[PDB]
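Okay, structure first, notes after.
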Amino acid sequence: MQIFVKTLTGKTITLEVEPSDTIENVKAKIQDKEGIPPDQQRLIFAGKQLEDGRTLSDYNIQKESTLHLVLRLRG
Amino acid sequence: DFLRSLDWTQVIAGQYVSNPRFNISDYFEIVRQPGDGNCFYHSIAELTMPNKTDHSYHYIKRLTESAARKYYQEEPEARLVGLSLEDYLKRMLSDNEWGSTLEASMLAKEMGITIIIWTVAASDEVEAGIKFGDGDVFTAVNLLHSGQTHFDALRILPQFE
């Protein structure tokens with residue numbers, strides 16, 4: 001299933017995912033497509049940061065849901 | 001006018017994102033901070049403390065410690081970091097240890113202020129902002145995050161008041 005992820009710059013990418021994908025899996029897909037390390041990713045849906053060992057299903061994320069990707073920024 | 005037109009999306013309660021595009025020097029003066037690992041705290045101290053010096057950042061780190069005691073347990077970003085509070089503090093308080101969006105969110109709540117981190121592309125144009133707190137840009141402690149690895153302090157140019 002297709003879902004949407006909007007990054008910090010407002011750039012919106014598609015990912016092909018399954019309801020049983022973990023949050024960790026979705027991050028690895030973001031990394032392969034966009035080059036962003038999982039360590040800096042905060043994935044956010046419906047006002048809450050998603051937890052690594054849960055699945056898209058756990059949060060009722062469905063076809064064509066939008067996630068926000070916010071980055072942890074160090075300096 | 002442009003600064004008052006920014007579109008902040010509240011992604012999670014107390015945290016907002018925007019993706020306007022502009023030249024940082026069109027709207028801010030940049031106050032450069034040393035590259036010694038501490039520039040996040042240097043940059044906060046430049047904007048919040050009177051008679052700031054290269055030593056002022058120690059107090060900011062000390063507020064970050066106080067802040068962490070209260071807030072580290074409910075900060076969403078702490079879930080990335082994965083440390084106990086006492087291990088987090090020990091690493092936070094270490095020499096040259098970089099500050100981050102984690103400390104910004106906690107300091108915002110502790111100091112009762114709004115902190116904005118503006119992140120710029122390799123091109124130097126702004127491509128995003130993250131805001132910690134409900135204040136606007138005119139009210140906030142504005143920071144510049146560049147090369148993805150450095151913080152400097154920003155002051156609103158006098159003409160935008």
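Here is the naming used below: chain letters follow the sequence lines, and residue numbers restart at 1 for every chain. Both backbone and side-chain heavy atoms feed into the values below; hydrogens, waters and symmetry mates do not.
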- Message: Test of understanding: clusters of I, L, V, M, F, W, Y form through side-chain heavy atoms closer than 4.5 Å, transitively. Do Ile24(B) and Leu6(B) belong to the same one?
- Response: yes

- Side chain, backbone, both or neither of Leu143(B) within contact of chain A (heavy atoms, under 4.5 Å): neither

- Between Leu80(B) and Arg42(A) the two heavy atoms that sit nearest each other are CD2-CG, 3.7 Å

- Message: Report which part of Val81(B) has an atom under 4.5 Å of a heavy atom belonging to chain A: side chain, backbone, both, or neither.
- Response: side chain

- Message: Minimum heavy-atom separation for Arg72(A) and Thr101(B), please, with both atom names.
- Response: CA-OG1, 3.5 Å

- Under a 4.5 Å side-chain heavy-atom rule over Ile, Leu, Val, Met, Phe, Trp and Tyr, are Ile130(B) and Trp118(B) clustered together? no

- Message: On a heavy-atom basis, which atom in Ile12(B) and which in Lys48(A) lie closest, and how many Å separate them?
- Response: CD1-CA, 4.0 Å

- Note on the structure: Bottom line for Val11(B): the part with an atom under 4.5 Å from chain A's heavy atoms is both

- Message: Heavy-atom cut-off 4.5 Å, strictly under: side chain, backbone, both or neither for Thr9(B) against chain A?
- Response: side chain

- Check the surroundings of atom CZ in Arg155(B): do more than 12 heavy atoms from other residues, nucleotides or ligands lie under 6.0 Å from it? yes

- Should we say atom CD of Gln2(A) is surrounded by more than 12 heavy atoms from elsewhere, each under 6.0 Å from it? yes

- Item | Shared hydrophobic cluster, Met106(B) / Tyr59(B) (ILVMFWY, side-chain heavy atoms < 4.5 Å) | yes

- Message: Can you tell me which of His150(B), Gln15(B), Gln148(B) forms the most heavy-atom pairs within a distance under 4.5 Å of chain A?
- Response: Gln15(B)

- Query: Using 4.0 Å as the upper bound for N to carboxylate O, is an ion pair formed by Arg74(A) and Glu97(B)?
  - Reply: yes

- Message: For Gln40(A), is the CD atom crowded, meaning more than 12 foreign heavy atoms sit under 6.0 Å from it?
- Response: yes

- Task: Find out whether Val70(A) and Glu77(B) are in side-chain contact, i.e. whether some heavy atom of one side chain is under 4.5 Å from a heavy atom of the other.
- Result: no

- Using the side-chain contact (heavy atoms from CB on, under 4.5 Å) rule, pick out the option among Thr9(A), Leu73(A), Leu71(A) that qualifies with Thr119(B). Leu73(A)

- Looking at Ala128(B) and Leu8(A), what are the two nearest heavy atoms and their distance? CB-O, 3.3 Å

- Query: Under a 4.5 Å side-chain heavy-atom rule over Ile, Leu, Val, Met, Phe, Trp and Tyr, are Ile156(B) and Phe2(B) clustered together?
  - Reply: yes

- Item | Nearest heavy-atom neighbours spanning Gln49(A) and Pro76(B) | NE2-O, 2.9 Å

- Task: Please check if atom NZ in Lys33(A) has more than 12 non-hydrogen atoms from other residues, nucleotides or ligands closer than 6.0 Å.
- Result: yes

- Check whether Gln41(A) gets within reach of chain B through its side chain, its backbone, both or neither, counting any heavy atom under 4.5 Å. backbone

- Cluster link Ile117(B) to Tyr57(B), ILVMFWY, side chain under 4.5 Å: yes

